[PDB]
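Q: Fold the stuff below for me.
(2 chains, ligands or ions: 1)
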Amino acid sequence: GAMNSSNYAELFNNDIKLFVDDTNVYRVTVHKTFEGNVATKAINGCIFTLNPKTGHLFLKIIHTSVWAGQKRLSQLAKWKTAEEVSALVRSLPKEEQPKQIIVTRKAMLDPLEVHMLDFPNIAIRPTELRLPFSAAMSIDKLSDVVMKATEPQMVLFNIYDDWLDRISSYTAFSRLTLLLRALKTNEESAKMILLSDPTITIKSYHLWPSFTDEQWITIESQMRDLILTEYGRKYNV
Amino acid sequence: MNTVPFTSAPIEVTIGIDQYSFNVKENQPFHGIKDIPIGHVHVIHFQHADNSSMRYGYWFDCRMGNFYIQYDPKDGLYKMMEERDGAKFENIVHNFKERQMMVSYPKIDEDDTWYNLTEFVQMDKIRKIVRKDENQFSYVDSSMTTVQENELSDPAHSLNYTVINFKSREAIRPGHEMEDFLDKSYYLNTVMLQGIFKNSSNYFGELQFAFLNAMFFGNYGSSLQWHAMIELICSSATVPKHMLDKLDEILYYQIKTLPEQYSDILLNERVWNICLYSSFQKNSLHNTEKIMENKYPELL
Ligand SMILES: CCOC(=O)c1ccnc(N)c1
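A: Numbers count the residues shown, from 1 in each chain, chains lettered A, B, ... in the order given. Find the structure here:
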């Protein structure tokens, strides 16, 4: 059944699992036409598929060409997500295939269940957690590869950089969701925090800056402050 | 006309014959039911006055033999049986009529209700759902489970309904996942109609039979089957025109016949609202939609 606050630590056991998030698959800008009607223009998207134990991110880039001539794109986007996740699973050796796939939005359950009928032993699960993975496009290097793509493409990342050399996967996921929640609540301030100090750089093969243990504690504290603030700035408290 | 005689009525029981029913007192001088229309299947059913648990009964066709009822005090129920000695059977029936010990199947001449509820039902196909090959009639009761229910435990005593499962490889063609799940026409027309039933009459026959077991015995797995067969048609964009017209007539009479007070358990809100308001066939069931809206507007 559903993943929630009470079975949180199952994410860090030794059963392979993937989170799937489809919130950035179908993306548009809305604008006015010369006649003063409204129209959408699609921009490139991505499926966010994450192993929370290892940090491996399977970033499937959705090129706008996949929408050409199609109707009901928001419904199609859920099925295209399921089709790509199923193709990914089939591409993996049996011993790397997940035992569970956790979708971040309930609307993905039926599409994914149907595409995965060949894998009856893979559990498709929803979650009650309000995870901030929509903010993945606030990571500059992820946004950059999606926007530059000229064709469909899969790109592989470790979203934890080298953190697992020093911290556990539980702590690494807690850090990741804190950063992403901050970026979702106030992107500009969150990005200012992460990059205000020019002496701390992002390695070419990493996504985040090379903070020491002590600097991550200060960073993490600053992101909590930001989130709490915006919560007042918003609800006025 | 045909007759189903009763050896006796030793325990107080409510007796049903098709959509009719009457009460019989413990050891009342009751010897059966006469004037039963030939040409239709029928169901004779029972609810003991002492145990409203377990409604149970027998589907039969008068053309397939001479059948009678006899209470069994060991197994504690009214059992259907076949009399092979035809002479013995006419002699019995004639004596019981002469003494006027029988109730008359009470059909109004204008009244086509039973025909309209059983139009497509075949009795030889019913013996496939309720497998007991040594009898020509078929026992059903409230508690019997379906094959599909046993998958999700005694197979001898199960309802072998056609397995319908919308999230199954039978239902979904590789490479047409979204198409086949949102428009089930392939599954209705090719897998089920052409592949299993052979024709639409067999589809309506099982659908009519499932409904009647749900209504007369409160059989939960039968209600599931009735709603699934409805939903498969309503969720297909391409259905023969004659099938939709006939489905509308079928459902109309089922809704008309349902007890007003059982609507809350025999009717699945989700399927009906889909069929009448969201599905491809939302504008194709004019008679069913009108009786549903005038009789059970609460469900909608
Ligand atoms: C084989 C499942 O049942 C049927 O196909 C059936 C049931 C009742 N009447 C008819 N005509 C057919």
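Q: Who are the contact partners of residue A:52?
A: Residues counted as contacts of residue A:52 (CB atoms under 8 Å, 6 or more residues apart in numbering or on different chains) are A:11-12, A:17, A:19, A:169, A:173. Where C-beta positions appear, they are placed from N, C-alpha and C, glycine not excepted.
Q: Surely it is within a helix?
A: No - counting by DSSP: H, G, I helix; E, B strand; the rest coil, one finds residue A:52 to be coil, located in no helix.
Q: Against residue A:170, how distant is it?
A: Per CB to CB, to the nearest Å, residue A:52 is found 9 Å from residue A:170.
Q: What of residue A:24?
A: 25 Å.
Q: need the contact list for the closest residue to the ligand within chain A.
A: In chain A, the residue that lies nearest the ligand is residue A:117 (24.5 Å; CB to the nearest ligand atom). Contacts for residue A:117 (CB under 8 Å, 6+ apart) come out as B:167-169, B:172.
Q: repeat that with 6 Å
A: Contacts for residue A:117 (CB atoms under 6 Å, 6 or more residues apart in numbering or on different chains) come out as residue B:169.
Q: element containing it?
A: Using DSSP states H and E, no element contains residue A:117; it sits outside every helix and strand.
Q: Please report how far it lies from residue B:169.
A: For residue A:117 relative to residue B:169 (CB to CB), the value is 5 Å.
Q: now swap in residue A:179 and tell me
A: 42 Å.
Q: what's the burial count for the residue of the stretch 1-150 of chain B found nearest chain A?
A: When scored by CB to the nearest CB, the stretch 1-150 of chain B has residue B:148 as its residue closest to chain A, at 16.3 Å. Per other CB atoms under 10 Å in any protein chain shown, the neighbour tally for residue B:148 reads 19.
Q: Residue B:126 should be in a strand, yeah?
A: No - Residue B:126 is assigned helix when assessed by three-state DSSP, not a strand.
Q: list the contacts for it?
A: Contacts of residue B:126 (CB under 6 Å, 6+ apart): B:59, B:138.
Q: if I look at it, how far off is residue B:5?
A: Distance from residue B:126 to residue B:5, by CB to CB: 23 Å.
Q: quick one on the thing from earlier: apart from its neighbours in sequence, what residue is nearest the residue of the stretch 1-150 of chain B closest to chain A?
A: For residue B:148, ignoring the flanking residues on the chain, the nearest one in space by CB to CB, 6 or more residues apart in numbering or on different chains is residue B:163 at 5.2 Å.
Q: That neighbour - how many residues pack around it?
A: Count around residue B:163 with other CB under 10 Å applied: 14.
Q: element containing it?
A: Assigned by DSSP H and E, residue B:163 falls outside every helix and strand.
Q: which ones are touching the residue positioned nearest the centre of chain A?
A: Computing the C-alpha centroid of chain A and ranking residues by CA atoms, centre = their mean puts residue A:133 first, at 3.7 Å. Residue A:133 makes contact with A:21, A:48 under the criterion CB under 6 Å, 6+ apart.
Q: What of residue B:289?
A: Counted by CB under 6 Å, 6+ apart, residue B:289 has contacts residue B:276.
Q: Please report the residue range of the longest helix in chain A.
A: Ranked by residue count under DSSP state H, the longest helix found in chain A is helix A:213-235.
Q: my guess is the residue of the stretch 1-150 of chain B closest to chain A is in a helix, correct?
A: Yes - applying three-state DSSP, one finds residue B:148 inside a helix.
Q: helix, strand or coil for residue 189?
A: Unless you meant another one, I'm taking chain A. Applying three-state DSSP: residue A:189 is helix.
Q: What separation do you get for it and chain B?
A: As defined by CB to the nearest CB, to the nearest Å, residue A:189 lies at a distance of 40 Å from chain B.
Q: Can you tell me which of the contacts of residue A:52 end up in strands?
A: Using DSSP state E, the subset of those located in strands is A:17, A:19.
Q: Redo the contacts of residue A:52 as TSV? Include distance to chain B and neighbour count.
A: TSV is the format used below for the contacts of residue A:52 (distance: CB to the nearest CB, whole Å; neighbours: other CB atoms under 10 Å in any protein chain shown):
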residue	distance to chain B	neighbour count
A:11	26	20
A:12	30	15
A:17	21	21
A:19	21	24
A:169	33	18
A:173	31	23
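Q: Turn the contacts of residue A:52 into CSV, columns for distance to residue B:270.
A: Shown next, in CSV, are these (distance: CB to CB, whole Å):
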residue, distance to residue B:270
A:11, 33
A:12, 37
A:17, 31
A:19, 29
A:169, 40
A:173, 37
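Q: so which of the contacts of residue A:52 also contact the ligand?
A: Near the ligand, taking CB under 6 Å from any ligand atom as the test, no member of the contacts of residue A:52 is found.
Q: about what we covered before: who's more crowded, residue A:179 and residue B:169?
A: Each of residue A:179 and residue B:169 has its neighbours counted (other CB under 10 Å); residue A:179 has more, 23 against 12.
Q: and stretch A:95-107, which residues are buried?
A: A:97-98, A:100-105 (16 or more other CB atoms under 10 Å in any protein chain shown).
Q: Sketch out the strands for the stretch 101-250 of chain B, chain order is fine.
A: Taking DSSP state E, counting those that start in this stretch as the test, the strands found in the stretch 101-250 of chain B are B:103-104, B:138-141.
Q: hmm, back to that, which pair in the buried residues of stretch A:95-107 spans the largest distance?
A: A:97 and A:105 (22.4 Å; CB to CB).
Q: Residue of chain A nearest chain B, please.
A: residue A:79 (3.9 Å).
Q: got the phi/psi numbers for that residue?
A: Per-residue torsions, residue A:79: phi -70, psi -30 (degrees, to the nearest 10).
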